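Raw target16.txt, compact mmCIF, N, CA, C and O atoms:
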# COMPACT_ATOMS: atom_id res chain seq x y z
N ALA F 5 -16.38 -12.64 29.97
CA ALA F 5 -15.27 -11.71 29.84
C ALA F 5 -15.53 -10.44 30.65
O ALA F 5 -16.38 -9.63 30.30
N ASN F 6 -14.77 -10.27 31.73
CA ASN F 6 -14.90 -9.09 32.59
C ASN F 6 -13.90 -8.03 32.13
O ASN F 6 -12.89 -7.74 32.79
N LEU F 7 -14.20 -7.45 30.98
CA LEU F 7 -13.37 -6.40 30.40
C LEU F 7 -13.79 -5.04 30.92
O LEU F 7 -14.98 -4.74 31.03
N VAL F 8 -12.80 -4.21 31.26
CA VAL F 8 -13.09 -2.84 31.64
C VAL F 8 -13.51 -2.05 30.40
O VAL F 8 -13.08 -2.35 29.27
N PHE F 9 -14.36 -1.05 30.60
CA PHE F 9 -14.93 -0.28 29.50
C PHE F 9 -14.12 1.00 29.34
O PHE F 9 -14.32 1.97 30.08
N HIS F 10 -13.20 1.01 28.38
CA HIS F 10 -12.44 2.21 28.07
C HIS F 10 -13.35 3.24 27.42
O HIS F 10 -14.10 2.93 26.50
N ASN F 11 -13.29 4.48 27.92
CA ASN F 11 -14.17 5.53 27.42
C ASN F 11 -13.44 6.83 27.09
O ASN F 11 -14.09 7.86 26.91
N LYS F 12 -12.10 6.82 27.01
CA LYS F 12 -11.36 8.05 26.78
C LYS F 12 -10.62 8.04 25.45
O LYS F 12 -10.93 8.86 24.58
N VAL F 13 -9.65 7.14 25.25
CA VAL F 13 -8.86 7.10 24.03
C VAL F 13 -8.05 5.82 24.03
O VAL F 13 -7.79 5.25 25.10
N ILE F 14 -7.67 5.35 22.85
CA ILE F 14 -6.76 4.22 22.70
C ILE F 14 -5.59 4.70 21.84
O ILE F 14 -5.72 4.81 20.62
N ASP F 15 -4.47 5.00 22.48
CA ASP F 15 -3.25 5.41 21.79
C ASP F 15 -2.28 4.23 21.73
O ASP F 15 -2.61 3.10 22.08
N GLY F 16 -1.05 4.50 21.26
CA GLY F 16 -0.07 3.44 21.14
C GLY F 16 0.31 2.83 22.47
O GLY F 16 0.51 1.61 22.58
N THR F 17 0.43 3.66 23.51
CA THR F 17 0.77 3.13 24.83
C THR F 17 -0.38 2.32 25.41
O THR F 17 -0.15 1.28 26.05
N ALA F 18 -1.62 2.77 25.21
CA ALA F 18 -2.76 2.07 25.77
C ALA F 18 -2.95 0.70 25.13
O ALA F 18 -3.25 -0.28 25.83
N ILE F 19 -2.79 0.60 23.81
CA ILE F 19 -3.01 -0.68 23.14
C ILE F 19 -1.91 -1.66 23.50
O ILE F 19 -2.16 -2.87 23.62
N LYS F 20 -0.68 -1.18 23.68
CA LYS F 20 0.41 -2.07 24.09
C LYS F 20 0.19 -2.58 25.51
O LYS F 20 0.43 -3.76 25.79
N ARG F 21 -0.26 -1.71 26.41
CA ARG F 21 -0.53 -2.13 27.78
C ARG F 21 -1.75 -3.05 27.85
O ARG F 21 -1.78 -3.99 28.65
N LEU F 22 -2.76 -2.78 27.02
CA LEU F 22 -3.95 -3.62 27.02
C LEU F 22 -3.64 -5.03 26.55
O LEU F 22 -4.16 -6.01 27.11
N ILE F 23 -2.81 -5.17 25.51
CA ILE F 23 -2.47 -6.49 25.00
C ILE F 23 -1.69 -7.29 26.04
O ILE F 23 -1.93 -8.48 26.23
N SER F 24 -0.76 -6.63 26.73
CA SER F 24 0.03 -7.33 27.75
C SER F 24 -0.86 -7.86 28.87
O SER F 24 -0.65 -8.97 29.37
N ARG F 25 -1.85 -7.07 29.29
CA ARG F 25 -2.77 -7.53 30.33
C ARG F 25 -3.66 -8.65 29.83
O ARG F 25 -4.06 -9.52 30.62
N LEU F 26 -4.01 -8.65 28.54
CA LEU F 26 -4.83 -9.73 28.00
C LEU F 26 -4.06 -11.04 27.94
O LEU F 26 -4.64 -12.11 28.16
N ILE F 27 -2.76 -10.98 27.65
CA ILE F 27 -1.95 -12.19 27.62
C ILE F 27 -1.87 -12.80 29.01
O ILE F 27 -1.98 -14.03 29.18
N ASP F 28 -1.66 -11.97 30.03
CA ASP F 28 -1.59 -12.47 31.40
C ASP F 28 -2.92 -13.08 31.84
O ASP F 28 -2.94 -14.11 32.52
N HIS F 29 -4.03 -12.45 31.47
CA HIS F 29 -5.33 -12.89 31.95
C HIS F 29 -5.89 -14.04 31.11
O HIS F 29 -6.36 -15.04 31.65
N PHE F 30 -5.85 -13.90 29.78
CA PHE F 30 -6.48 -14.87 28.89
C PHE F 30 -5.51 -15.86 28.27
O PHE F 30 -5.92 -16.96 27.89
N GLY F 31 -4.23 -15.51 28.15
CA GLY F 31 -3.26 -16.36 27.50
C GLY F 31 -3.00 -15.92 26.07
O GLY F 31 -3.65 -15.04 25.51
N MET F 32 -2.00 -16.57 25.46
CA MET F 32 -1.57 -16.20 24.12
C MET F 32 -2.49 -16.71 23.03
O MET F 32 -2.49 -16.15 21.93
N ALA F 33 -3.26 -17.77 23.28
CA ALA F 33 -4.18 -18.26 22.26
C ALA F 33 -5.39 -17.34 22.13
O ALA F 33 -5.83 -17.04 21.01
N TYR F 34 -5.95 -16.91 23.25
CA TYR F 34 -7.06 -15.95 23.21
C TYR F 34 -6.60 -14.62 22.64
O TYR F 34 -7.27 -14.04 21.78
N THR F 35 -5.46 -14.12 23.11
CA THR F 35 -4.99 -12.81 22.67
C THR F 35 -4.61 -12.81 21.20
O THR F 35 -4.71 -11.77 20.53
N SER F 36 -4.17 -13.95 20.67
CA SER F 36 -3.84 -14.03 19.26
C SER F 36 -5.07 -13.80 18.39
O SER F 36 -4.98 -13.18 17.33
N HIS F 37 -6.23 -14.30 18.83
CA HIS F 37 -7.47 -14.04 18.11
C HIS F 37 -7.95 -12.61 18.33
O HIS F 37 -8.52 -12.00 17.42
N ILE F 38 -7.73 -12.06 19.52
CA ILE F 38 -8.10 -10.67 19.78
C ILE F 38 -7.28 -9.74 18.90
O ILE F 38 -7.79 -8.73 18.41
N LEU F 39 -6.00 -10.06 18.70
CA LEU F 39 -5.16 -9.24 17.84
C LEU F 39 -5.64 -9.27 16.39
O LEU F 39 -5.60 -8.25 15.70
N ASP F 40 -6.09 -10.44 15.91
CA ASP F 40 -6.61 -10.53 14.55
C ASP F 40 -7.87 -9.68 14.38
O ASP F 40 -8.05 -9.04 13.34
N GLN F 41 -8.74 -9.67 15.38
CA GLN F 41 -9.97 -8.89 15.28
C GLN F 41 -9.69 -7.40 15.39
O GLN F 41 -10.26 -6.59 14.64
N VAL F 42 -8.82 -7.01 16.32
CA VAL F 42 -8.46 -5.60 16.47
C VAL F 42 -7.71 -5.10 15.24
O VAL F 42 -7.83 -3.93 14.86
N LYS F 43 -6.92 -5.97 14.60
CA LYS F 43 -6.23 -5.58 13.38
C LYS F 43 -7.21 -5.18 12.28
O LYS F 43 -7.00 -4.19 11.58
N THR F 44 -8.28 -5.96 12.12
CA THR F 44 -9.28 -5.63 11.11
C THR F 44 -10.04 -4.36 11.47
O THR F 44 -10.31 -3.53 10.60
N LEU F 45 -10.37 -4.19 12.75
CA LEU F 45 -11.12 -3.01 13.17
C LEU F 45 -10.31 -1.74 12.95
O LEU F 45 -10.85 -0.72 12.52
N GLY F 46 -9.02 -1.78 13.26
CA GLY F 46 -8.18 -0.61 13.03
C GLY F 46 -8.00 -0.30 11.56
O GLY F 46 -8.00 0.87 11.16
N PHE F 47 -7.85 -1.33 10.73
CA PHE F 47 -7.77 -1.13 9.29
C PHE F 47 -9.09 -0.63 8.73
O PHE F 47 -9.11 0.19 7.81
N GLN F 48 -10.21 -1.12 9.27
CA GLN F 48 -11.51 -0.77 8.71
C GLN F 48 -11.90 0.66 9.04
O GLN F 48 -12.66 1.28 8.30
N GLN F 49 -11.39 1.21 10.15
CA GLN F 49 -11.70 2.58 10.51
C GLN F 49 -10.70 3.58 9.97
O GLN F 49 -11.05 4.75 9.78
N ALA F 50 -9.46 3.15 9.72
CA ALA F 50 -8.52 4.02 9.02
C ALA F 50 -9.00 4.32 7.61
O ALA F 50 -8.87 5.45 7.13
N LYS Q 632 8.95 19.09 -44.12
CA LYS Q 632 9.28 19.97 -43.00
C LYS Q 632 10.73 20.40 -43.10
O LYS Q 632 11.62 19.57 -43.28
N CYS Q 633 10.96 21.71 -42.98
CA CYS Q 633 12.31 22.25 -43.00
C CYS Q 633 12.99 22.04 -41.65
O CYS Q 633 12.37 22.21 -40.60
N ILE Q 634 14.26 21.66 -41.69
CA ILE Q 634 15.00 21.27 -40.49
C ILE Q 634 16.28 22.08 -40.41
O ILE Q 634 16.97 22.29 -41.41
N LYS Q 635 16.60 22.56 -39.21
CA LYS Q 635 17.90 23.15 -38.92
C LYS Q 635 18.87 22.06 -38.49
O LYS Q 635 18.48 21.01 -37.98
N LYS Q 636 20.16 22.33 -38.68
CA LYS Q 636 21.18 21.43 -38.18
C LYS Q 636 21.16 21.42 -36.66
O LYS Q 636 21.32 22.47 -36.02
N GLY Q 637 20.96 20.24 -36.07
CA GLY Q 637 20.89 20.09 -34.64
C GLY Q 637 19.50 19.99 -34.07
O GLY Q 637 19.35 19.95 -32.85
N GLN Q 638 18.47 19.95 -34.91
CA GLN Q 638 17.10 19.80 -34.45
C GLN Q 638 16.67 18.34 -34.51
O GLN Q 638 17.22 17.53 -35.26
N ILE Q 639 15.68 18.00 -33.68
CA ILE Q 639 15.27 16.62 -33.51
C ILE Q 639 14.59 16.11 -34.78
O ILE Q 639 13.86 16.85 -35.45
N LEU Q 640 14.84 14.85 -35.11
CA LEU Q 640 14.19 14.17 -36.23
C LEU Q 640 13.28 13.04 -35.79
O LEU Q 640 12.25 12.80 -36.43
N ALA Q 641 13.63 12.33 -34.72
CA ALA Q 641 12.84 11.20 -34.26
C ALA Q 641 12.97 11.07 -32.75
O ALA Q 641 13.92 11.59 -32.15
N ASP Q 642 12.02 10.38 -32.15
CA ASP Q 642 12.01 10.12 -30.71
C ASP Q 642 12.39 8.68 -30.44
O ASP Q 642 11.90 7.76 -31.10
N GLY Q 643 13.27 8.48 -29.46
CA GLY Q 643 13.69 7.16 -29.04
C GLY Q 643 12.86 6.65 -27.87
O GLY Q 643 11.79 7.16 -27.55
N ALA Q 644 13.39 5.62 -27.23
CA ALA Q 644 12.72 5.03 -26.08
C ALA Q 644 12.86 5.95 -24.87
O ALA Q 644 13.92 6.55 -24.65
N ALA Q 645 11.78 6.05 -24.09
CA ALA Q 645 11.72 6.94 -22.93
C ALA Q 645 12.01 8.38 -23.33
O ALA Q 645 12.66 9.13 -22.60
N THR Q 646 11.51 8.78 -24.50
CA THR Q 646 11.71 10.14 -25.00
C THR Q 646 10.50 10.52 -25.84
O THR Q 646 10.16 9.81 -26.79
N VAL Q 647 9.85 11.62 -25.49
CA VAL Q 647 8.68 12.12 -26.20
C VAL Q 647 8.92 13.59 -26.52
O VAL Q 647 9.14 14.40 -25.61
N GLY Q 648 8.88 13.93 -27.81
CA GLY Q 648 9.01 15.32 -28.22
C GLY Q 648 10.32 15.97 -27.85
O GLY Q 648 10.40 17.20 -27.79
N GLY Q 649 11.37 15.18 -27.61
CA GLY Q 649 12.64 15.73 -27.21
C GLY Q 649 12.83 15.91 -25.73
O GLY Q 649 13.64 16.76 -25.32
N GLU Q 650 12.10 15.17 -24.90
CA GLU Q 650 12.24 15.23 -23.45
C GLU Q 650 12.34 13.83 -22.88
O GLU Q 650 11.83 12.87 -23.46
N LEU Q 651 13.01 13.72 -21.73
CA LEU Q 651 13.08 12.45 -21.02
C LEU Q 651 11.71 12.10 -20.45
O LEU Q 651 11.10 12.90 -19.75
N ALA Q 652 11.24 10.88 -20.74
CA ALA Q 652 9.91 10.44 -20.34
C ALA Q 652 10.01 9.03 -19.76
O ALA Q 652 9.87 8.04 -20.48
N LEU Q 653 10.25 8.95 -18.45
CA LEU Q 653 10.47 7.68 -17.78
C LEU Q 653 9.23 7.10 -17.12
O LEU Q 653 9.29 5.98 -16.60
N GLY Q 654 8.10 7.82 -17.12
CA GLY Q 654 6.94 7.34 -16.41
C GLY Q 654 5.60 7.72 -17.02
O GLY Q 654 5.51 7.99 -18.22
N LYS Q 655 4.56 7.73 -16.20
CA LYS Q 655 3.20 8.01 -16.64
C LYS Q 655 2.52 8.92 -15.63
O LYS Q 655 2.87 8.95 -14.45
N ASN Q 656 1.53 9.67 -16.11
CA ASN Q 656 0.69 10.51 -15.27
C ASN Q 656 -0.60 9.75 -14.98
O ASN Q 656 -1.39 9.49 -15.89
N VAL Q 657 -0.80 9.39 -13.72
CA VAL Q 657 -1.94 8.56 -13.33
C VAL Q 657 -2.69 9.25 -12.20
O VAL Q 657 -2.12 10.03 -11.43
N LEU Q 658 -3.99 8.98 -12.13
CA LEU Q 658 -4.81 9.51 -11.05
C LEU Q 658 -4.48 8.79 -9.75
O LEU Q 658 -4.42 7.56 -9.71
N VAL Q 659 -4.28 9.56 -8.69
CA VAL Q 659 -3.72 9.04 -7.45
C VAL Q 659 -4.45 9.65 -6.26
O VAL Q 659 -4.78 10.84 -6.27
N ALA Q 660 -4.71 8.84 -5.24
CA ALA Q 660 -5.23 9.30 -3.97
C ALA Q 660 -4.26 8.90 -2.86
O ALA Q 660 -3.54 7.90 -2.97
N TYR Q 661 -4.24 9.69 -1.79
CA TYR Q 661 -3.37 9.46 -0.64
C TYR Q 661 -4.25 9.18 0.58
O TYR Q 661 -4.62 10.09 1.31
N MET Q 662 -4.57 7.90 0.79
CA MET Q 662 -5.40 7.50 1.91
C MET Q 662 -5.10 6.04 2.23
O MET Q 662 -4.64 5.31 1.36
N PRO Q 663 -5.33 5.61 3.47
CA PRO Q 663 -5.23 4.18 3.77
C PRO Q 663 -6.45 3.43 3.27
O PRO Q 663 -7.58 3.91 3.36
N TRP Q 664 -6.21 2.23 2.73
CA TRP Q 664 -7.27 1.42 2.15
C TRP Q 664 -7.13 -0.02 2.65
O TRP Q 664 -6.46 -0.84 2.01
N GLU Q 665 -7.76 -0.31 3.79
CA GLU Q 665 -7.95 -1.68 4.28
C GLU Q 665 -6.64 -2.45 4.45
O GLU Q 665 -6.62 -3.68 4.37
N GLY Q 666 -5.54 -1.74 4.69
CA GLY Q 666 -4.28 -2.39 4.95
C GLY Q 666 -3.52 -2.85 3.73
O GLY Q 666 -2.42 -3.39 3.87
N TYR Q 667 -4.07 -2.66 2.52
CA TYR Q 667 -3.37 -3.07 1.32
C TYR Q 667 -2.31 -2.06 0.88
O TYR Q 667 -1.60 -2.31 -0.10
N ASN Q 668 -2.21 -0.92 1.56
CA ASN Q 668 -1.08 -0.02 1.42
C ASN Q 668 -0.35 0.12 2.75
O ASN Q 668 0.20 1.18 3.06
N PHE Q 669 -0.33 -0.95 3.54
CA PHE Q 669 0.39 -0.96 4.80
C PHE Q 669 1.88 -0.82 4.55
O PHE Q 669 2.42 -1.38 3.59
N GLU Q 670 2.55 -0.07 5.43
CA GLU Q 670 3.96 0.28 5.28
C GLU Q 670 4.20 1.01 3.97
O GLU Q 670 3.95 2.21 3.86
N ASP Q 671 4.67 0.29 2.95
CA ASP Q 671 4.97 0.89 1.66
C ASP Q 671 4.29 0.17 0.50
O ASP Q 671 4.73 0.29 -0.64
N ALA Q 672 3.23 -0.58 0.77
CA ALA Q 672 2.50 -1.25 -0.29
C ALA Q 672 1.68 -0.25 -1.10
O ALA Q 672 1.30 0.82 -0.61
N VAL Q 673 1.41 -0.60 -2.35
CA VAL Q 673 0.68 0.27 -3.27
C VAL Q 673 -0.52 -0.49 -3.82
O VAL Q 673 -0.37 -1.62 -4.30
N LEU Q 674 -1.69 0.12 -3.74
CA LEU Q 674 -2.92 -0.42 -4.31
C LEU Q 674 -3.18 0.25 -5.65
O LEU Q 674 -3.26 1.48 -5.73
N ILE Q 675 -3.32 -0.55 -6.71
CA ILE Q 675 -3.55 -0.04 -8.05
C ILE Q 675 -4.86 -0.60 -8.59
O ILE Q 675 -5.47 -1.49 -8.01
N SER Q 676 -5.28 -0.04 -9.72
CA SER Q 676 -6.51 -0.42 -10.39
C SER Q 676 -6.21 -1.30 -11.59
O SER Q 676 -5.10 -1.31 -12.13
N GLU Q 677 -7.23 -2.06 -12.02
CA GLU Q 677 -7.09 -2.89 -13.21
C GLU Q 677 -6.90 -2.06 -14.47
O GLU Q 677 -6.39 -2.59 -15.47
N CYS Q 678 -7.30 -0.79 -14.46
CA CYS Q 678 -7.15 0.04 -15.65
C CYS Q 678 -5.69 0.18 -16.05
O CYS Q 678 -5.37 0.23 -17.25
N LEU Q 679 -4.79 0.23 -15.07
CA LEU Q 679 -3.36 0.26 -15.37
C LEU Q 679 -2.88 -1.04 -16.01
O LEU Q 679 -1.81 -1.05 -16.63
N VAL Q 680 -3.64 -2.13 -15.87
CA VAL Q 680 -3.23 -3.42 -16.41
C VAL Q 680 -3.77 -3.60 -17.83
O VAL Q 680 -2.99 -3.76 -18.77
N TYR Q 681 -5.09 -3.57 -17.99
CA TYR Q 681 -5.65 -3.78 -19.32
C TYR Q 681 -5.48 -2.57 -20.23
O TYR Q 681 -5.67 -2.69 -21.44
N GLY Q 682 -5.12 -1.41 -19.67
CA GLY Q 682 -4.77 -0.27 -20.49
C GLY Q 682 -3.34 -0.24 -20.97
O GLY Q 682 -2.99 0.63 -21.76
N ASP Q 683 -2.52 -1.19 -20.51
CA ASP Q 683 -1.10 -1.26 -20.86
C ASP Q 683 -0.38 0.04 -20.51
O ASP Q 683 0.48 0.51 -21.25
N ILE Q 684 -0.73 0.61 -19.36
CA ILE Q 684 -0.11 1.86 -18.93
C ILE Q 684 1.34 1.63 -18.52
O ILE Q 684 2.23 2.43 -18.82
N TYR Q 685 1.61 0.52 -17.83
CA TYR Q 685 2.96 0.22 -17.36
C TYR Q 685 3.48 -1.08 -17.96
O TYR Q 685 4.03 -1.92 -17.24
N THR Q 686 3.30 -1.26 -19.26
CA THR Q 686 3.79 -2.43 -19.97
C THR Q 686 5.14 -2.11 -20.59
O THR Q 686 5.29 -1.08 -21.26
N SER Q 687 6.12 -2.99 -20.37
CA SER Q 687 7.47 -2.78 -20.86
C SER Q 687 7.96 -4.03 -21.58
O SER Q 687 7.60 -5.15 -21.24
N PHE Q 688 8.80 -3.81 -22.59
CA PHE Q 688 9.43 -4.90 -23.33
C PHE Q 688 10.78 -5.24 -22.71
O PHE Q 688 11.57 -4.34 -22.40
N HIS Q 689 11.04 -6.53 -22.54
CA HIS Q 689 12.29 -7.00 -21.97
C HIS Q 689 12.86 -8.08 -22.88
O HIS Q 689 12.17 -9.04 -23.22
N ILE Q 690 14.12 -7.92 -23.27
CA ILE Q 690 14.77 -8.80 -24.24
C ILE Q 690 15.99 -9.43 -23.58
O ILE Q 690 16.90 -8.71 -23.14
N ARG Q 691 16.02 -10.75 -23.52
CA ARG Q 691 17.18 -11.49 -23.05
C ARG Q 691 17.96 -12.05 -24.23
O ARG Q 691 17.43 -12.22 -25.33
N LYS Q 692 19.24 -12.34 -23.99
CA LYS Q 692 20.13 -12.87 -25.00
C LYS Q 692 20.71 -14.19 -24.51
O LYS Q 692 21.18 -14.28 -23.37
N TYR Q 693 20.67 -15.21 -25.36
CA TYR Q 693 21.19 -16.53 -25.04
C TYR Q 693 22.24 -16.90 -26.07
O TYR Q 693 21.94 -16.98 -27.27
N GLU Q 694 23.47 -17.14 -25.61
CA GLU Q 694 24.60 -17.42 -26.48
C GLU Q 694 25.07 -18.86 -26.30
O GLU Q 694 25.07 -19.38 -25.18

Let me see the file written as structure tokens.
Amino acid sequence: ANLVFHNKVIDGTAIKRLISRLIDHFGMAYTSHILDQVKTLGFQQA
Amino acid sequence: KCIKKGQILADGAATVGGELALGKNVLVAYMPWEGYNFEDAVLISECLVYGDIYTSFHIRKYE
């Protein structure tokens, strides 16, 4: 996985743009699992 | 007990001491908790259950 290393902030616009790029690169099956993991991480830090 | 005309004698349902009493005073925090209060969901404790804090009687009629 050649993911870029974000080091500034993840706001609503950034997460929406990041997901769209993941669908194009990895597909909807990979991104569906990424969404499940990011959902837990966001809930766990809130 | 001496009573004046127009003074309370008994309390009915949802009435305590001559006041409207529709609810309960419960300890409450305002924070997100693991998504179980996502949108408008409410996370409660078992104390409200086994303490009968929000227990209500419901009567149906069959004719």

Distance in Å - CA of residue 31 in chain F versus atom C of residue 5 in chain F:
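Between these atoms lies a distance of 14.0 Å.
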
Distance in Å - atom O of residue 664 in chain Q versus atom N of residue 10 in chain F
27.3 Å

Give the helix (DSSP H, G or I) residues of chain F, as DSSP finds them on the backbone, and put them as an MDAnalysis selection string.
chainID F and resid 16:30 32:49

Could you list, with a cut-off of 6 Å and counting only N, CA, C and O atoms, the residues of chain F near chain Q, each shown with its nearest atom pair and the distance in Å rounded to one decimal, rows sorted by chain and ascending number, as CSV?
residue,atom,partner,partner_atom,distance
F:47,O,Q:665,CA,4.2
F:48,N,Q:665,CA,5.5
F:50,O,Q:663,O,4.3

How would the residues just picked look written out with N, CA, C and O atoms as a compact mmCIF listing (two decimals), in the coordinates of the input?
# COMPACT_ATOMS: atom_id res chain seq x y z
N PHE F 47 -7.85 -1.33 10.73
CA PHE F 47 -7.77 -1.13 9.29
C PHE F 47 -9.09 -0.63 8.73
O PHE F 47 -9.11 0.19 7.81
N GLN F 48 -10.21 -1.12 9.27
CA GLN F 48 -11.51 -0.77 8.71
C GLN F 48 -11.90 0.66 9.04
O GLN F 48 -12.66 1.28 8.30
N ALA F 50 -9.46 3.15 9.72
CA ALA F 50 -8.52 4.02 9.02
C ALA F 50 -9.00 4.32 7.61
O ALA F 50 -8.87 5.45 7.13

Could you work out how far CA of residue 654 in chain Q lies from atom O of residue 633 in chain Q, giving the answer in Å with one decimal?
28.9 Å

What residues in chain Q get the DSSP label strand (DSSP E or B)? Please answer as a PyMOL selection string.
chain Q and resi 646-647+650-651
